[PDB]
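For reference, the structure discussed in these notes is given below.
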Amino acid sequence: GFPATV
Amino acid sequence: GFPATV
Amino acid sequence: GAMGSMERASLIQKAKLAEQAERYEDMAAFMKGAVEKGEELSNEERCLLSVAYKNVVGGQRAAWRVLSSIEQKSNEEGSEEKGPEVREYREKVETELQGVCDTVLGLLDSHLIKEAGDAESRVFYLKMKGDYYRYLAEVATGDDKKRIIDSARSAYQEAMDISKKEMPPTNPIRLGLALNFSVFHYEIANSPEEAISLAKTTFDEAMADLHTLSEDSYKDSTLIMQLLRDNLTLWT
Amino acid sequence: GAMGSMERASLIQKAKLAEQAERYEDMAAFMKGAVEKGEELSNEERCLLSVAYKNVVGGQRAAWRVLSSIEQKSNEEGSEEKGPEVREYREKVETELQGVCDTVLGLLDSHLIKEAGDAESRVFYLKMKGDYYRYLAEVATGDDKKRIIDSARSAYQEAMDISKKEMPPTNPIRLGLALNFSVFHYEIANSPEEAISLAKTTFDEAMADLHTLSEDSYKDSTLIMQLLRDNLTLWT
Ligand SMILES: COc1ccc(C[C@@H](C)CN)c2cc(C(=N)N)sc12
Ligand SMILES: COc1ccc(C[C@@H](C)CN)c2cc(C(=N)N)sc12
Ligand SMILES: *SCCNC(=O)C(C)(C)Oc1ccc(Cl)cc1
Ligand SMILES: *SCCNC(=O)C(C)(C)Oc1ccc(Cl)cc1
Ligand SMILES: [Mg+2]
Ligand SMILES: [Mg+2]
Ligand SMILES: [Mg+2]
Ligand SMILES: [Mg+2]
């Protein structure tokens, strides 16, 4: 999975 | 509703 | 032409890559370059051209509708004056949309349509001509609005005439043409009865011809038939 | 600058309209013009700048990944040679992505960061600097790759140092910085243990400070905490 960033 | 076109 | 130095086959290959990457502006630019090589397009190449520009202009239309709605509300009684910015930005998007439509219509006129002799190519291009004049009509307000609407009507009508003589009632291009010309009647020409009649007759005539088809052709035709039914459900 | 003749307030207004219309390239262009007026940005204006470019570069990154995957498969044993086109088009997208990153980094260096004195502005800009060097690092292969990675690390580290001294552990900017620096460790710096430790400690320290918050602040902070937890779940 491609991880969360903001 | 917005009607279908192709 | 910025694509003038790229091989035709490379442009087609990159259009397919751009589609996979959901880079539809690039896809359209590659296909414009391919058309400008001057050779006729294959069935698949016509699809690539149409998919690319349909996605580009579809995004512009959606944005234009958002902005036009905001502009309408800004002009209602009681709304606070907020300056020229909404109109300006709606106009910016509108001008870009018109530019894309002009580009597509230009490719069709120079010289795709005049070299298209088979029904599968000629009907497809004439349908596209109707579609892009329809998108121009959606935003038109000037002296030429009626002529823009009539240009869409005329292109669709020529496509319809050929399609009814040269294609079976289940041909997906014939079905999609009828779907879109029906939407033209409903949304552009203020002719909901014609829109409904066209969708219904098209659906019924396709239904009666499904028995002639293979399983794969049946899937293709019934998919577009369902869109006709969806519109009929919206409208009745 | 093509936005040089437009009022600052009009640029901000149009950025907000562009966001509503999902026209993120326009949004970014309007916000670049606003930054280039030379005045500091408010909290909301910083968000508009970040949202615009995050969406533009996010689309470019997604396209680059699609193309890079196709390119990798084209180079495996047994694959048919298909020419330079995949590499060329991946390079085209890559160069456009690098151009956007360079533009954002240029705005930060000229002159947003040097005028940013409050933690809420300075940490936000330094986080952005780390993010856009991280995006450059994702595609980098040359002599300067290690320096690009170190530039991201250095910007994130300065932001972290300020955030830990000047912001509560639940501040959403502090949390988002830690989230992204943790991703940097995991994906860019080959440091999964540091990535996991940072995400865990950040989450736990925020948890312990939630009791100080209003309901609305609690919602804001817990939203970013959940992203930290999501990454920890992916990684463990
Ligand atoms: C002749 O070329 C085509 C035929 C049929 C299809 C799709 C079928 C499932 C019918 N809709 C199709 C999709 C294309 C593309 N998006 N590149 S080209 C192309
Ligand atoms: C200070 O400016 C903001 C604060 C808070 C938010 C969103 C909250 C729900 C927290 N994520 C927000 C969204 C913006 C935009 N997309 N224009 S600006 C902006
Ligand atoms: S030409 C692209 C492939 N076809 C399609 O995507 C769908 C929409 C399923 O079918 C048609 C597209 C265009 C026409 Cl004119 C007819 C069917
Ligand atoms: S700045 C845009 C408004 N905020 C957001 O969209 C989310 C992602 C919910 O919150 C953050 C964005 C950026 C940071 Cl640095 C922190 C939180
Ligand atoms: Mg106009
Ligand atoms: Mg008739
Ligand atoms: Mg390169
Ligand atoms: Mg530490």
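Labels for the structure tokens follow display order: chains A, B, ..., residues from 1 in each chain, ligands from 1.
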**Message:** Neighbouring residues of residue C:124 were defined as those with any atom within 9 Å, considering only C-alpha atoms; residues of the same chain fewer than 2 positions away were excluded. Please report them as JSON, numbers by chain.
**Reply:** {"C": [46, 119, 120, 121, 122, 126, 127, 128, 129, 159, 173, 174, 177]}
**Within-10 Å residues of ligand 2, basis only C-alpha atoms and all ligand atoms, as a list in words** = residues 6 of chain A; 15, 16, 17, 19, 20, 42, 43, 44, 45, 46, 47, 48, 49, 50, 51, 52, 172, 216, 217, 219, 220, 221, 223 and 224 of chain D
Could you name the residues that touch residue D:109 at 12 Å or less, counting only C-alpha atoms, but leaving out those on the same chain fewer than 5 positions away, as a PDB file with N, CA, C and O atoms, in the first residue's frame?
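The resulting around_34.pdb:
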ATOM      1  N   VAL D  35       1.396  34.617  -4.198  1.00  0.00           N
ATOM      2  CA  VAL D  35       2.676  34.633  -3.482  1.00  0.00           C
ATOM      3  C   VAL D  35       3.603  35.692  -4.061  1.00  0.00           C
ATOM      4  O   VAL D  35       4.293  36.420  -3.328  1.00  0.00           O
ATOM      5  N   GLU D  36       3.651  35.781  -5.385  1.00  0.00           N
ATOM      6  CA  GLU D  36       4.540  36.723  -6.050  1.00  0.00           C
ATOM      7  C   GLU D  36       4.182  38.181  -5.815  1.00  0.00           C
ATOM      8  O   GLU D  36       5.001  39.048  -6.163  1.00  0.00           O
ATOM      9  N   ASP D 102      10.308  22.414  -8.616  1.00  0.00           N
ATOM     10  CA  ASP D 102      11.203  23.555  -8.632  1.00  0.00           C
ATOM     11  C   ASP D 102      10.446  24.857  -8.443  1.00  0.00           C
ATOM     12  O   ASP D 102      10.938  25.773  -7.777  1.00  0.00           O
ATOM     13  N   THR D 103       9.259  24.964  -9.035  1.00  0.00           N
ATOM     14  CA  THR D 103       8.459  26.168  -8.863  1.00  0.00           C
ATOM     15  C   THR D 103       8.069  26.359  -7.403  1.00  0.00           C
ATOM     16  O   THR D 103       8.197  27.462  -6.858  1.00  0.00           O
ATOM     17  N   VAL D 104       7.585  25.303  -6.755  1.00  0.00           N
ATOM     18  CA  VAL D 104       7.179  25.428  -5.358  1.00  0.00           C
ATOM     19  C   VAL D 104       8.377  25.758  -4.483  1.00  0.00           C
ATOM     20  O   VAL D 104       8.312  26.650  -3.626  1.00  0.00           O
ATOM     21  N   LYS D 114      11.876  32.924   4.500  1.00  0.00           N
ATOM     22  CA  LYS D 114      12.675  33.898   5.227  1.00  0.00           C
ATOM     23  C   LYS D 114      11.819  34.924   5.953  1.00  0.00           C
ATOM     24  O   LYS D 114      12.310  35.525   6.909  1.00  0.00           O
ATOM     25  N   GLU D 115      10.572  35.151   5.537  1.00  0.00           N
ATOM     26  CA  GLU D 115       9.695  36.075   6.242  1.00  0.00           C
ATOM     27  C   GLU D 115       8.785  35.389   7.250  1.00  0.00           C
ATOM     28  O   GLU D 115       8.010  36.077   7.925  1.00  0.00           O
ATOM     29  N   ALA D 116       8.844  34.063   7.366  1.00  0.00           N
ATOM     30  CA  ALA D 116       7.939  33.303   8.225  1.00  0.00           C
ATOM     31  C   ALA D 116       8.555  33.163   9.610  1.00  0.00           C
ATOM     32  O   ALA D 116       9.505  32.399   9.805  1.00  0.00           O
ATOM     33  N   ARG D 122       6.111  29.064   9.662  1.00  0.00           N
ATOM     34  CA  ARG D 122       7.441  28.556   9.362  1.00  0.00           C
ATOM     35  C   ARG D 122       7.466  27.039   9.289  1.00  0.00           C
ATOM     36  O   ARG D 122       8.061  26.473   8.367  1.00  0.00           O
ATOM     37  N   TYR D 125       5.796  25.938   5.975  1.00  0.00           N
ATOM     38  CA  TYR D 125       6.619  26.098   4.783  1.00  0.00           C
ATOM     39  C   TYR D 125       7.786  25.117   4.761  1.00  0.00           C
ATOM     40  O   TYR D 125       8.154  24.612   3.697  1.00  0.00           O
ATOM     41  N   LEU D 126       8.419  24.888   5.913  1.00  0.00           N
ATOM     42  CA  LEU D 126       9.530  23.940   5.959  1.00  0.00           C
ATOM     43  C   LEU D 126       9.047  22.529   5.677  1.00  0.00           C
ATOM     44  O   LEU D 126       9.745  21.758   5.006  1.00  0.00           O
ATOM     45  N   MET D 128       6.548  21.874   3.657  1.00  0.00           N
ATOM     46  CA  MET D 128       6.385  21.878   2.211  1.00  0.00           C
ATOM     47  C   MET D 128       7.731  21.697   1.526  1.00  0.00           C
ATOM     48  O   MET D 128       7.829  20.975   0.533  1.00  0.00           O
ATOM     49  N   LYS D 129       8.772  22.373   2.016  1.00  0.00           N
ATOM     50  CA  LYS D 129      10.092  22.216   1.412  1.00  0.00           C
ATOM     51  C   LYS D 129      10.541  20.762   1.473  1.00  0.00           C
ATOM     52  O   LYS D 129      11.034  20.211   0.483  1.00  0.00           O
ATOM     53  N   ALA D 155      15.126  20.010   5.718  1.00  0.00           N
ATOM     54  CA  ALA D 155      13.943  20.849   5.863  1.00  0.00           C
ATOM     55  C   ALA D 155      12.971  20.245   6.869  1.00  0.00           C
ATOM     56  O   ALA D 155      12.454  20.941   7.749  1.00  0.00           O
TER      57      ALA D 155
END
**Request:** May I have the residues within 7 Å of ligand 7, computed using only C-alpha atoms and all ligand atoms, as a PyMOL selection string?
**Result:** chain D and resi 91+94-95
**Request:** When you get a sec, could you note down which chain C residues fall within 12 Å of chain D, using only C-alpha atoms, as a PyMOL selection string?
**Result:** chain C and resi 6-24+26-27+30+56+59-71+82-90+92-93+96
**Message:** I'd like the interatomic distance between atom CA of residue C:231 and atom CA of residue B:4, to a tenth of an Å.
**Reply:**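 Pair atom CA of residue C:231 / atom CA of residue B:4 returns 6.5 Å.
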**Request:** Could you jot down the atom CA of residue C:98 to atom CA of residue D:3 separation for me, Å, one decimal place?
**Result:**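 About the pair atom CA of residue C:98 and atom CA of residue D:3: they are 22.0 Å apart.
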**Message:** Considering only alpha helix (DSSP H) as DSSP defines it on the backbone, what residues of stretch 38-234 of chain D qualify? List them as number ranges by chain.
**Reply:** D: 43-74, 85-107, 113-115, 119-139, 145-166, 172-183, 192-207, 215-234
**Request:** Fewer than 2 positions away in the same chain doesn't count, so skip those; otherwise give me all residues within 10 Å of residue B:3, counting only C-alpha atoms, as number ranges by chain.
**Result:** B: 1, 5; C: 179-180, 182-183, 186-187, 227-228, 230-232, 234-235
Output N, CA and C atoms for every residue in the selection just made, as a JSON list (two decimals), in the first residue's frame.
[["chain", "number", "residue", "atom", "x", "y", "z"],
["B", 1, "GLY", "N", -31.10, 15.14, -13.38],
["B", 1, "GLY", "CA", -29.92, 14.38, -13.74],
["B", 1, "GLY", "C", -29.33, 14.77, -15.09],
["B", 5, "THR", "N", -24.18, 10.39, -22.52],
["B", 5, "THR", "CA", -23.69, 10.50, -23.90],
["B", 5, "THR", "C", -22.40, 9.70, -24.00],
["C", 179, "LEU", "N", -28.04, 8.12, -29.26],
["C", 179, "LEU", "CA", -28.03, 8.55, -27.86],
["C", 179, "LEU", "C", -27.70, 10.03, -27.76],
["C", 180, "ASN", "N", -26.62, 10.44, -28.43],
["C", 180, "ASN", "CA", -26.15, 11.81, -28.31],
["C", 180, "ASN", "C", -27.06, 12.79, -29.04],
["C", 182, "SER", "N", -30.23, 12.42, -29.46],
["C", 182, "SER", "CA", -31.37, 12.53, -28.56],
["C", 182, "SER", "C", -31.09, 13.51, -27.43],
["C", 183, "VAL", "N", -29.91, 13.45, -26.81],
["C", 183, "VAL", "CA", -29.54, 14.45, -25.81],
["C", 183, "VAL", "C", -29.51, 15.86, -26.40],
["C", 186, "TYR", "N", -32.97, 17.11, -26.47],
["C", 186, "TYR", "CA", -33.53, 17.39, -25.15],
["C", 186, "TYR", "C", -32.92, 18.63, -24.53],
["C", 187, "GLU", "N", -31.60, 18.75, -24.57],
["C", 187, "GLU", "CA", -30.90, 19.78, -23.81],
["C", 187, "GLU", "C", -30.64, 21.04, -24.61],
["C", 227, "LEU", "N", -27.88, 2.81, -21.83],
["C", 227, "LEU", "CA", -27.80, 4.26, -21.70],
["C", 227, "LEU", "C", -29.04, 4.93, -22.27],
["C", 228, "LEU", "N", -29.54, 4.43, -23.41],
["C", 228, "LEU", "CA", -30.79, 4.96, -23.96],
["C", 228, "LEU", "C", -31.91, 4.80, -22.95],
["C", 230, "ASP", "N", -31.61, 4.46, -19.70],
["C", 230, "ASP", "CA", -31.34, 5.35, -18.57],
["C", 230, "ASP", "C", -31.87, 6.75, -18.85],
["C", 231, "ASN", "N", -31.59, 7.27, -20.04],
["C", 231, "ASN", "CA", -32.09, 8.60, -20.37],
["C", 231, "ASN", "C", -33.60, 8.62, -20.43],
["C", 232, "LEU", "N", -34.21, 7.61, -21.04],
["C", 232, "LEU", "CA", -35.67, 7.55, -21.08],
["C", 232, "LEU", "C", -36.25, 7.55, -19.67],
["C", 234, "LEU", "N", -34.87, 8.94, -17.02],
["C", 234, "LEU", "CA", -34.73, 10.29, -16.51],
["C", 234, "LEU", "C", -35.83, 11.20, -17.02],
["C", 235, "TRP", "N", -36.28, 10.98, -18.25],
["C", 235, "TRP", "CA", -37.09, 11.95, -18.98],
["C", 235, "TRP", "C", -38.58, 11.65, -18.93]]
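Rounded to one decimal, atom CA of residue C:113 and atom CA of residue C:32 lie 14.7 Å from each other.
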Moved chain C, fitted on chain D by every C-alpha in sequence order, as a short mmCIF file (atom, residue, chain, number, x, y, z; two decimals) with C-alpha atoms, in the first residue's frame:
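Final file, out.cif:
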data_model
loop_
_atom_site.label_atom_id
_atom_site.label_comp_id
_atom_site.auth_asym_id
_atom_site.auth_seq_id
_atom_site.Cartn_x
_atom_site.Cartn_y
_atom_site.Cartn_z
CA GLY C 1 4.46 36.75 -14.36
CA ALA C 2 1.18 36.26 -16.20
CA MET C 3 -0.73 37.00 -12.95
CA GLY C 4 1.20 40.23 -12.37
CA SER C 5 -1.69 42.42 -13.49
CA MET C 6 -4.34 40.75 -11.30
CA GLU C 7 -5.14 42.01 -7.80
CA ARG C 8 -3.97 39.84 -4.92
CA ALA C 9 -7.51 39.52 -3.57
CA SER C 10 -8.82 38.53 -7.01
CA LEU C 11 -6.17 35.83 -7.30
CA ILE C 12 -7.19 34.40 -3.92
CA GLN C 13 -10.87 34.54 -4.87
CA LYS C 14 -10.17 32.75 -8.14
CA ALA C 15 -8.04 30.13 -6.39
CA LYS C 16 -11.06 29.32 -4.24
CA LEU C 17 -13.28 29.12 -7.34
CA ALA C 18 -10.75 26.91 -9.11
CA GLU C 19 -10.75 24.59 -6.11
CA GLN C 20 -14.55 24.33 -6.25
CA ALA C 21 -14.29 23.52 -9.98
CA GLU C 22 -11.49 20.97 -9.36
CA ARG C 23 -9.20 23.01 -11.64
CA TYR C 24 -6.06 22.50 -9.61
CA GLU C 25 -3.57 23.70 -12.21
CA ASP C 26 -5.46 27.00 -12.38
CA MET C 27 -5.61 27.05 -8.57
CA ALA C 28 -1.85 26.67 -8.37
CA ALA C 29 -1.25 29.36 -10.98
CA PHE C 30 -3.48 31.80 -9.08
CA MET C 31 -1.73 31.04 -5.79
CA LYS C 32 1.71 31.41 -7.38
CA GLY C 33 0.59 34.83 -8.56
CA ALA C 34 -0.64 35.68 -5.06
CA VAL C 35 2.68 34.63 -3.48
CA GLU C 36 4.54 36.72 -6.05
CA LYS C 37 2.78 39.86 -4.78
CA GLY C 38 5.39 39.73 -2.02
CA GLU C 39 3.12 39.87 1.03
CA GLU C 40 3.06 37.14 3.65
CA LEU C 41 0.25 34.58 3.42
CA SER C 42 -2.46 33.98 5.99
CA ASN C 43 -3.23 30.54 7.39
CA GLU C 44 -6.01 29.99 4.86
CA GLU C 45 -3.87 31.27 1.98
CA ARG C 46 -1.09 28.83 2.93
CA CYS C 47 -3.67 26.04 2.80
CA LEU C 48 -4.81 27.15 -0.65
CA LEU C 49 -1.23 27.16 -1.91
CA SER C 50 -0.55 23.72 -0.47
CA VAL C 51 -3.80 22.16 -1.66
CA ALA C 52 -3.29 23.44 -5.20
CA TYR C 53 0.25 22.13 -5.66
CA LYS C 54 -0.39 18.91 -3.71
CA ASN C 55 -3.14 18.04 -6.20
CA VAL C 56 -1.09 19.00 -9.27
CA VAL C 57 2.00 17.08 -8.19
CA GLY C 58 -0.06 14.21 -6.85
CA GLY C 59 -1.50 13.64 -10.30
CA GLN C 60 1.96 13.83 -11.86
CA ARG C 61 3.34 11.33 -9.34
CA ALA C 62 0.51 8.89 -10.01
CA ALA C 63 1.12 9.14 -13.75
CA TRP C 64 4.88 8.78 -13.30
CA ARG C 65 4.34 5.60 -11.27
CA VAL C 66 2.12 4.09 -13.96
CA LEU C 67 4.68 4.85 -16.65
CA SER C 68 7.65 3.72 -14.55
CA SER C 69 5.92 0.40 -13.92
CA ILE C 70 5.33 -0.08 -17.65
CA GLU C 71 8.97 0.84 -18.29
CA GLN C 72 10.20 -1.67 -15.71
CA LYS C 73 8.15 -4.47 -17.26
CA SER C 74 9.39 -3.50 -20.72
CA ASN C 75 12.96 -4.12 -19.49
CA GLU C 76 12.38 -7.58 -17.99
CA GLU C 77 13.78 -10.71 -19.60
CA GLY C 78 11.50 -11.95 -22.38
CA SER C 79 9.76 -8.64 -23.03
CA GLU C 80 9.45 -7.50 -26.63
CA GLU C 81 11.49 -4.43 -27.50
CA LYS C 82 9.08 -1.58 -28.20
CA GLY C 83 11.47 1.33 -28.73
CA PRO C 84 12.31 4.48 -26.78
CA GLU C 85 8.73 5.70 -26.40
CA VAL C 86 7.95 4.49 -22.86
CA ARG C 87 11.18 5.95 -21.52
CA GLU C 88 10.63 9.17 -23.44
CA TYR C 89 7.12 9.67 -22.14
CA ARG C 90 8.08 8.77 -18.56
CA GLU C 91 10.88 11.34 -18.90
CA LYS C 92 8.40 13.93 -20.21
CA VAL C 93 6.13 13.48 -17.20
CA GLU C 94 9.16 13.38 -14.88
CA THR C 95 10.49 16.68 -16.25
CA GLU C 96 7.11 18.35 -15.79
CA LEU C 97 6.93 17.03 -12.22
CA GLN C 98 10.42 18.32 -11.49
CA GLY C 99 9.40 21.67 -12.92
CA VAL C 100 6.44 21.93 -10.57
CA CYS C 101 8.63 20.96 -7.61
CA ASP C 102 11.20 23.56 -8.63
CA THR C 103 8.46 26.17 -8.86
CA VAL C 104 7.18 25.43 -5.36
CA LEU C 105 10.68 25.31 -3.88
CA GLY C 106 11.36 28.59 -5.64
CA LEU C 107 8.37 30.26 -4.01
CA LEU C 108 9.46 28.93 -0.62
CA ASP C 109 12.99 30.26 -1.11
CA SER C 110 11.90 33.57 -2.69
CA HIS C 111 10.77 34.55 -0.15
CA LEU C 112 8.16 32.76 1.94
CA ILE C 113 10.41 30.97 4.42
CA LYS C 114 12.68 33.90 5.23
CA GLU C 115 9.70 36.07 6.24
CA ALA C 116 7.94 33.30 8.22
CA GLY C 117 8.51 33.90 11.93
CA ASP C 118 5.52 32.32 13.64
CA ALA C 119 5.64 28.55 14.13
CA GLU C 120 2.36 28.03 12.26
CA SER C 121 3.80 29.60 9.11
CA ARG C 122 7.44 28.56 9.36
CA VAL C 123 6.76 24.90 10.19
CA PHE C 124 4.19 24.74 7.39
CA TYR C 125 6.62 26.10 4.78
CA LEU C 126 9.53 23.94 5.96
CA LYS C 127 7.26 20.90 5.78
CA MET C 128 6.39 21.88 2.21
CA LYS C 129 10.09 22.22 1.41
CA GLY C 130 10.67 18.69 2.72
CA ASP C 131 7.68 17.40 0.75
CA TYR C 132 8.79 18.85 -2.61
CA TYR C 133 12.38 17.68 -2.16
CA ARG C 134 10.88 14.28 -1.29
CA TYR C 135 8.97 14.28 -4.59
CA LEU C 136 12.20 15.16 -6.41
CA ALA C 137 13.89 12.30 -4.53
CA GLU C 138 11.23 9.85 -5.68
CA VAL C 139 12.39 10.30 -9.30
CA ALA C 140 16.06 11.14 -8.77
CA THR C 141 18.88 8.97 -10.15
CA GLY C 142 21.89 11.26 -10.72
CA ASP C 143 25.00 12.55 -8.96
CA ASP C 144 22.81 14.79 -6.78
CA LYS C 145 20.38 12.15 -5.49
CA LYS C 146 21.92 12.01 -2.02
CA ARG C 147 21.93 15.81 -1.79
CA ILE C 148 18.25 15.90 -2.81
CA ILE C 149 17.40 13.37 -0.10
CA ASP C 150 19.45 15.33 2.41
CA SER C 151 17.69 18.58 1.46
CA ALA C 152 14.36 16.94 2.23
CA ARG C 153 15.70 15.57 5.51
CA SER C 154 17.16 18.92 6.54
CA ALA C 155 13.94 20.85 5.86
CA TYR C 156 11.83 18.29 7.71
CA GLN C 157 14.28 18.29 10.61
CA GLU C 158 14.20 22.07 11.02
CA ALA C 159 10.40 21.94 10.91
CA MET C 160 10.38 19.17 13.51
CA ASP C 161 12.70 21.06 15.84
CA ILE C 162 10.50 24.18 15.75
CA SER C 163 7.27 22.19 16.02
CA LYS C 164 8.41 20.34 19.13
CA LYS C 165 9.43 23.58 20.85
CA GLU C 166 6.56 25.82 19.75
CA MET C 167 3.43 23.74 19.05
CA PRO C 168 1.36 21.37 21.15
CA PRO C 169 1.60 17.69 20.21
CA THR C 170 -1.93 17.77 18.77
CA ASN C 171 -1.38 20.74 16.42
CA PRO C 172 -2.49 19.43 12.99
CA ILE C 173 0.55 20.97 11.25
CA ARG C 174 2.89 19.26 13.72
CA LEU C 175 1.02 15.99 13.18
CA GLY C 176 1.05 16.25 9.39
CA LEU C 177 4.74 17.11 9.39
CA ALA C 178 5.48 14.02 11.47
CA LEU C 179 3.26 11.87 9.24
CA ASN C 180 5.12 13.00 6.14
CA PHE C 181 8.63 12.86 7.66
CA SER C 182 7.81 9.32 8.78
CA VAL C 183 6.88 8.46 5.18
CA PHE C 184 10.17 10.06 4.07
CA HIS C 185 12.05 7.75 6.42
CA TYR C 186 10.17 4.69 5.19
CA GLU C 187 10.08 5.28 1.44
CA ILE C 188 13.04 7.55 0.69
CA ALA C 189 15.68 7.04 3.37
CA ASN C 190 15.34 3.25 3.70
CA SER C 191 14.74 3.71 7.45
CA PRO C 192 11.54 1.82 8.29
CA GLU C 193 12.41 1.62 11.99
CA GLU C 194 12.76 5.40 12.25
CA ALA C 195 9.52 5.78 10.29
CA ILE C 196 7.65 3.50 12.68
CA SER C 197 9.18 5.02 15.82
CA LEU C 198 8.31 8.54 14.69
CA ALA C 199 4.73 7.64 13.82
CA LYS C 200 4.20 5.80 17.11
CA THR C 201 5.71 8.45 19.36
CA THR C 202 3.82 11.19 17.52
CA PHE C 203 0.53 9.32 17.89
CA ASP C 204 1.06 8.59 21.59
CA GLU C 205 2.08 12.14 22.47
CA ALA C 206 -0.95 13.51 20.63
CA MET C 207 -3.26 11.05 22.39
CA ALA C 208 -2.08 12.33 25.76
CA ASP C 209 -2.85 15.98 24.81
CA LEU C 210 -6.33 15.45 23.34
CA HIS C 211 -7.91 16.17 26.74
CA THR C 212 -6.97 19.85 26.38
CA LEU C 213 -8.93 20.37 23.17
CA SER C 214 -12.36 21.55 22.15
CA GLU C 215 -14.60 19.19 20.21
CA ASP C 216 -13.69 20.81 16.88
CA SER C 217 -9.93 20.74 17.55
CA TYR C 218 -10.28 17.12 18.70
CA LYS C 219 -11.87 16.23 15.37
CA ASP C 220 -9.04 17.93 13.46
CA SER C 221 -6.26 16.26 15.44
CA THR C 222 -7.79 12.78 15.55
CA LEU C 223 -8.20 12.84 11.77
CA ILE C 224 -4.44 13.13 11.29
CA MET C 225 -3.80 10.68 14.14
CA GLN C 226 -5.81 8.12 12.23
CA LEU C 227 -3.47 8.53 9.24
CA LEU C 228 -0.50 7.82 11.51
CA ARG C 229 -2.29 4.69 12.72
CA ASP C 230 -3.12 3.69 9.14
CA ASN C 231 0.55 3.87 8.17
CA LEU C 232 1.59 1.95 11.28
CA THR C 233 -0.91 -0.75 10.32
CA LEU C 234 0.55 -0.91 6.81
CA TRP C 235 4.08 -1.19 8.16
CA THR C 236 3.71 -3.66 11.05
#
